[PDB]
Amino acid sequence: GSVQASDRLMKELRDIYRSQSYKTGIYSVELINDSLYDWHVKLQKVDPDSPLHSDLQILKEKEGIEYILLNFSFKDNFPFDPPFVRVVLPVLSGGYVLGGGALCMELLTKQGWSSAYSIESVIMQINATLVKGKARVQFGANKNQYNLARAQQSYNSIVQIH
């Protein structure tokens, strides 16, 4: 990585760990492999009135899982380039989620990303936008259709037409 990226990523984590949204358990953050550049982020409280909330209760009954697990991956040039954010599980339809689990949200593109955004704000926006876009769980869905490679391929396809 880089000193600039790492400095910023540590500041983001620190801000998250002191934030109210984190304190009240809306979402969780953990590093993967102790890498500042790779994070588990679980969306744990989605709009309780949404069908997504209802679907996650069914999933909890089925699989013990009542959350959406996201993966955030950062590059050397962060915060000038956005994090790459993708869904790990469960498989979703709608909600601005693409094949492979990429997210098609303007804040995450080169057009919409600003270093003015905290990572806390990014996590909360994603939560709101899944609900706004009517995300639903795909219950019959092939496990392992989501991974970095396939998410990158979808995101690359969008840049060609966006």
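For every residue, the number given is its place in the sequence shown, counted from 1.
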(request) Output the stretch having the higher mean C-alpha B factor in the entry; the candidates are 89-97 and 60-68. (result) 60-68
(message) If you average the CA temperature factors as listed in the entry, which stretch comes out higher, 139-147 or 13-21?
(response) 139-147
(request) Choose from 129, 28, 54, 111 the residue with the greatest Cα B-factor as stated in the PDB record. (result) 111
(message) Split into thirds by Cα B-factor across the chain's modelled residues, where does residue 37 land: lowest, middle or highest?
(response) middle
(message) Please say which third, lowest, middle or highest, residue 120 falls into when its CA temperature factor is compared across its chain.
(response) middle
